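Peer 1: please find the sequence and an experimentally derived structure below.
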Protein chains: 2
Amino acid sequence: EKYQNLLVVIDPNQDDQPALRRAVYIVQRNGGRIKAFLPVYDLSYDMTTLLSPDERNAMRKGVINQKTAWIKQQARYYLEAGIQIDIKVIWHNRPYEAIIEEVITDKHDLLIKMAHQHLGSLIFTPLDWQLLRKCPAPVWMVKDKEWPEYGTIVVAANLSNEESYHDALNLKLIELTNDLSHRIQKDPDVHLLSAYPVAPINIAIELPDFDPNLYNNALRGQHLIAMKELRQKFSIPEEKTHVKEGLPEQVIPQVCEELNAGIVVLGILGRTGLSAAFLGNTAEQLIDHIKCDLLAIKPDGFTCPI
Amino acid sequence: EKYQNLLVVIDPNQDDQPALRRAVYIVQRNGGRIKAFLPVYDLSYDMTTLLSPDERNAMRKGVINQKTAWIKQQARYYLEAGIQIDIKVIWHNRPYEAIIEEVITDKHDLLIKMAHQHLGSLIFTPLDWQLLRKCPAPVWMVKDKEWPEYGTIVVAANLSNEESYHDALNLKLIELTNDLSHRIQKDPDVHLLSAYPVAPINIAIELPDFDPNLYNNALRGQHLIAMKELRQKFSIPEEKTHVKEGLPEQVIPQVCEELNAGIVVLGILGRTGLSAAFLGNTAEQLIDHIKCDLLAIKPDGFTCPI
C-alpha cells in the first residue's frame, strides 16, 4: 500500500476541480484517501482598528463555514460513491506555506493541483511556482484538459551533469514512475528521455589541437551509456528510450508532444550551488514550456525551506 | 535630470526587443543612456571532468562574443541614430541575481523587461516573478503589443490597510507617475484607482448588535476620504479618481481595461509580516491577471534579499 495519502489543493476560483477528479481516479484504482485542502483569509482580519477581535472572528468563521460547504458540494458525487474525502479549510494568509506545512505534518504521498492550459503550454501561477520549488513531496500539476488517449508517460533523466546525486535522482524518478503508473493503469506506456546541448564554438583560438565536435560526440556517448544502464535496470525497451540533441528546455517539451505524452516526470533540486544553479534555471524554463501534465520530484534528503 | 540610467533586460529567445524599444522611446524624450544587459552561460562550463578550464573558458568567451554581437545587431539603428546603448553580456548561471546585482551596483533608475501577451493577460516567467519580488528599483514590464492610442496611466493605491507605511508608498507611486509621465508624454492622462472587498457575512451569531453592512460603508468611506486627499495633493481631477467595490485582484485588472490603460502602477512590498502577507498574496494574483504594462514600485527602505 503506497501513495494512499493524497493531498488535493483546491482551486478557489472555479467550481469544477480537476485536481480532485484526478485524485479520485487514482483512489478508485489504488485505494486510499484524499484531503481536499484550501487555505482561506479575508481582508477584514487585518483591519484591526476598524473591527474588534470578535467581529473579525465572526467573519473568519463565516468564510470557513461557506468554503467548507462549497467544497462538499463539488465533492458530493464522489462522497456518495464512497470515496474518502476529508475536507480541510484553514485560516492562513500565505497559501504556499499553509500547503507545504500540511504536506510535512501529515506526510502526504503526493500533492495534486490543477493548472490551466488555454501557447498550448501550462499556465503556472506564483503559488504553483512556490510549490514546485519548495514542496518536499512529489507535485503533480494536472492540466485542465482531457488526458490524451493512449497517452505516454515520459521520464526526463539528467544524463549530462557529472555529480553523483543526479544518478540517484534519476533512479528515484523511474522507480516511482514504474510503481505509481502500474497501480493506476493496466498497461502503462513508459518512455525515457534525455537531451544534451552542443558546444557553442567551432574552434578554440588558444587550443590548436582541440576539436569541439569531439566534445559533442562524447556527451552523446555518455548519454547513450547511461541510458542503456537505466533501461536495463527498469526493464524499458530500447525503442522507448530517446537521447536527443538540443537545449533541454526546448527539446523535452517538443519530444513529449511528439510522443503523445500524458505526463512528463522530472527531477528538481533544492540545492543551488555549482552545477545546480544552471540546472535549476534550465528546469524552470523547461517546466514553463510544458504542454502536458507535470510530475516534479525532489531528491531524498531535500531540505525544505519551511 | 531624473530617470537617466536605464537597465534593459534583453530577452535571449527572440531577435526583436520590445524592452529596448521602450527604453529608446524614453531616452529620445527625456535623455539619458541604456544598458542592454544579458546574463549568459552554457552547460559545458559545469562539465569540469570532461573539459579542462582552458576548454571551458574558450566556450565561455565564444558565447559572450556571439551574444554581444547579436545584441549590437538588434541595436544597430538606435545606435546610428545616436542613442547611447551600452551592451553588457556577463557570464552568470542565475539571471535574477545577476540582474539585481547590476541594478544595485550601477544604481539604475528603472529596470525594463518585455512580457508576452498572446487569456489576454501578460505571461510572466519565473525570472519575471523573481524580479518583481526582489528588484529594489522600479520594474516596468512592457507587453509585446502596441501601446493603446490615448492609453491612460492608472495608479492603483492601497487605501484599505491601516499601517502608516501604505500612505507613504501611495505618495511615492503618484509622485513618480506624475514626474515620469510628464517627461515622456506631452499630456499624460493619469487616473487613480482603489478597490475594497465587502464583508463575507450577513450577521454575526455572537454579536446581536453588529451590522456587517456598516463595515462595508465605513471601508468605502475611508477610501473616499483618502482618495480625495491624494487627488488634491497631486492635482488629479475627481472624475479621474475611482473607488470600486470588489476583490482588488479582479477589480483592478477589469477597471484598467475599462479605462483603456496603457499601464498600471502598483506598490509591492518586501516585508511579509502581519497585513503584508495577505497584501502580497493579493498583489501577486492582481499582477498575474493584468492585461496592460505594469510598473511595480517598492517602498523607500525596501531591503533587498540580495
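Peer 2: All right, it came through fine. Numbers count the residues shown, from 1 in each chain, chains lettered A, B, ... in the order given.
Peer 1: give the buried residues for stretch A:27-38.
Peer 2: A:27, A:30, A:32, A:34-38 (16 or more other C-beta atoms under 10 Å in any protein chain shown). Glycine gets a C-beta too; all of them are placed from N, C-alpha and C.
Peer 1: starting at the chain centroid, how far to that stretch?
Peer 2: With C-alpha atoms, centre = their mean, to the nearest Å as the basis, stretch A:27-38 stands 17 Å off its chain's centre.
Peer 1: can you give me the end-to-end span of it?
Peer 2: End-to-end span of stretch A:27-38 (C-alpha to C-alpha, to the nearest Å): 20 Å.
Peer 1: could you do stretch A:282-294 as well?
Peer 2: End residues of stretch A:282-294 are separated by 15 Å (C-alpha to C-alpha).
Peer 1: how far is that stretch from where the chain is centred?
Peer 2: 10 Å.
Peer 1: is chain B contacted by it?
Peer 2: Yes - contact of stretch A:282-294 with chain B (C-beta under 8 Å from any C-beta of the partner chain) involves A:282, A:284-285, A:288.
Peer 1: tabulate the buried residues of stretch A:27-38 (JSON lines), appending distance to chain B and secondary structure.
Peer 2: Shown next, in JSON lines, are the buried residues of stretch A:27-38 (distance: C-beta to the nearest C-beta, whole Å; DSSP: H, G, I helix; E, B strand; the rest coil):
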{"residue": "A:27", "distance to chain B": "30", "secondary structure": "helix"}
{"residue": "A:30", "distance to chain B": "32", "secondary structure": "helix"}
{"residue": "A:32", "distance to chain B": "31", "secondary structure": "coil"}
{"residue": "A:34", "distance to chain B": "25", "secondary structure": "strand"}
{"residue": "A:35", "distance to chain B": "21", "secondary structure": "strand"}
{"residue": "A:36", "distance to chain B": "20", "secondary structure": "strand"}
{"residue": "A:37", "distance to chain B": "16", "secondary structure": "strand"}
{"residue": "A:38", "distance to chain B": "14", "secondary structure": "strand"}
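Peer 1: what sits against residue A:182?
Peer 2: Going by C-beta atoms under 8 Å, 6 or more residues apart in numbering or on different chains, residue A:182 touches residue A:188.
Peer 1: hang on, it in a helix?
Peer 2: Yes - according to DSSP: H, G, I helix; E, B strand; the rest coil, residue A:182 belongs to a helix.
Peer 1: so what's residue A:197 up against?
Peer 2: Residues in contact with residue A:197 (C-beta under 8 Å, 6+ apart) are A:245-248, B:42-43.
Peer 1: isn't residue A:144 up against residue A:117?
Peer 2: Yes - judged on C-beta atoms under 8 Å, residue A:144 makes contact with residue A:117 at a distance of 6.4 Å.
Peer 1: settle it for me: which of these two has more neighbours?
Peer 2: Higher neighbour count among residue A:144 and residue A:117: residue A:144, with 18 against 15, using other C-beta atoms under 10 Å in any protein chain shown.
Peer 1: grab the nearest non-local neighbour of the more buried one.
Peer 2: Counting by C-beta to C-beta, 6 or more residues apart in numbering or on different chains, residue A:18 is the residue found nearest to residue A:144 once chain neighbours are left out, at 4.8 Å.
Peer 1: burial measure for that neighbour, as a count.
Peer 2: Other residues close to residue A:18 by other C-beta under 10 Å number 19.
Peer 1: can you check residue A:243 too?
Peer 2: By other C-beta under 10 Å, 20 other residues sit near residue A:243.
Peer 1: in the sheet, who's paired with it?
Peer 2: residue A:194 (DSSP bridges).
Peer 1: next up, the contacts around it.
Peer 2: Residues near residue A:243 by C-beta under 8 Å, 6+ apart: A:159, A:194-196, A:220, A:223-224, A:227.
Peer 1: same list, the residues you listed, but as JSON lines with secondary structure and neighbour count please.
Peer 2: Shown next, in JSON lines, are the contacts of residue A:243 (DSSP: H, G, I helix; E, B strand; the rest coil; neighbours: other C-beta atoms under 10 Å in any protein chain shown):
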{"residue": "A:159", "secondary structure": "coil", "neighbour count": "24"}
{"residue": "A:194", "secondary structure": "strand", "neighbour count": "26"}
{"residue": "A:195", "secondary structure": "strand", "neighbour count": "25"}
{"residue": "A:196", "secondary structure": "strand", "neighbour count": "21"}
{"residue": "A:220", "secondary structure": "helix", "neighbour count": "17"}
{"residue": "A:223", "secondary structure": "helix", "neighbour count": "21"}
{"residue": "A:224", "secondary structure": "helix", "neighbour count": "14"}
{"residue": "A:227", "secondary structure": "helix", "neighbour count": "21"}
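Peer 1: return the member of these nearest to chain B.
Peer 2: For these, the closest approach to chain B (C-beta to the nearest C-beta) belongs to residue A:196, at 7.7 Å.
Peer 1: how close does that closest one sit to residue B:91?
Peer 2: 21 Å (C-beta to C-beta, to the nearest Å).
Peer 1: and what of residue A:30?
Peer 2: Distance from residue A:30 to residue B:91, counting by C-beta to C-beta: 48 Å.
Peer 1: just how off-centre is the longest helix anywhere in chain A within its chain?
Peer 2: Taking DSSP state H as the criterion, chain A has its longest helix at helix A:53-80. Going by C-alpha atoms, centre = their mean, the spacing between the C-alpha centre of helix A:53-80 and its chain's C-alpha centre is 28 Å.
Peer 1: picking that back up, farthest-separated two in the buried residues of stretch A:27-38?
Peer 2: Largest separation among the buried residues of stretch A:27-38 by C-beta to C-beta: A:30 and A:38, giving 23.9 Å.
Peer 1: my read: residue A:139 touches residue A:296, true?
Peer 2: Yes - if you go by C-beta under 8 Å, residue A:139 and residue A:296 touch, sitting 4.7 Å apart.
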